[PDB]
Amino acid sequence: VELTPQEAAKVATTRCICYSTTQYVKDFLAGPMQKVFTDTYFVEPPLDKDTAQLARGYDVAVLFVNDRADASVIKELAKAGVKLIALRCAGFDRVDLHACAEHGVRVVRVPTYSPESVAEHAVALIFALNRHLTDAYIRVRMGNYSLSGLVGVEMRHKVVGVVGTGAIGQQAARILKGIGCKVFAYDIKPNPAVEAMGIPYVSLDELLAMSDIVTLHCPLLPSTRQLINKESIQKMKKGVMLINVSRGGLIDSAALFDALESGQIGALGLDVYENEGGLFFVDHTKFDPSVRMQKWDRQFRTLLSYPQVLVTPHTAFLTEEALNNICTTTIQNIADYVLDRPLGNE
């Protein structure tokens, strides 16, 4: 269940190439990998058809959500010699699995980030929004120390709907219960851990009607898609703070502006937005504005305009503790592959 011991010499002969190695990937990943693998190539640019020829000679490609593997790039990784792709994340969506089947490449993945990391990020948003912390930081940096219109709100007895009670939502429910909020939950299947905290399960319509704060933790499924829309928003409680760290597909962004301007939605925290492909995990600040105009998302940039909206760039999973897990699971995954163990993260 641990060490190698010297089967590690075999693991060490594995040659790993890692795409999209940005500063944080260097910080958490590069160090642990070179302790195990003798040869590891860290490529800063993402993975495409032009940087896939970079992988010639390597056995395994380490990838992230922003890296592309569709049918064209899988063919040149297979011809490069890499027979395993390991994701440092749990998203496999952007990889083509039908292409991997033809080319013999096996893909392994990290199914779980540490659930406290994500749950605590949702809670961070609530606190920031309640206390208008981003507003105040900026004003104070400019040298505006006046109090208007920074007046905030107490969380202590507020009613909190937790939508979806899986691993992360459970953590959200625990934390929000501990802050002292009155917590309610909705899920298709009740979580006994949540019930044992004394948080009642109610129907979704009831949860939307009674909540000061609603936090989305459910997965994105056809049944959950645009859970928040023009209709369900009119069912919520006027002034509601809506938090989403799960999936952008859970919210229909078009409906948000009217709801915000009517005061129907009083506040919005988001770690996610419905179309993030090409948008997130990119610093667009580095491109000339004429080039930024090519992929420009106007309704997103408009959304960012509101003082009661707060958006982070998909950092809810991004934590020392979560990265450590991602790293050790990616490495255990490399080893299981090379040592012929059953993978299970495939």
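Numbers for residues come from their place in the sequence shown, where the first is 1.
- Mean CA temperature factor is higher for 79 to 87 when stretches 159 to 167 and 79 to 87 are set side by side in the entry.
- Look at the mean CA B-factor for 232 to 240 and for 95 to 103 in the entry; the higher one is 95 to 103.
- Within the selection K286, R298, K295, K26, the deposited Cα B-factor values reach their highest point at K295.
- Looking at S305, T315, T38, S290, the one whose CA carries the top B-factor in the deposited record is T38.
- Split the chain's modelled residues into thirds by C-alpha temperature factor. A71 is in the highest one.
- Among all modelled residues in this chain, the alpha-carbon of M210 has a temperature factor (C-alpha) in the middle third.
- In the deposited entry, the Cα temperature factor of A196 places it in the middle third of its chain's modelled residues.
- For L310, the recorded CA temperature factor ranks within the lowest third of the chain's modelled residues.
- Among all modelled residues in this chain, the alpha-carbon of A122 has a temperature factor (C-alpha) in the lowest third.
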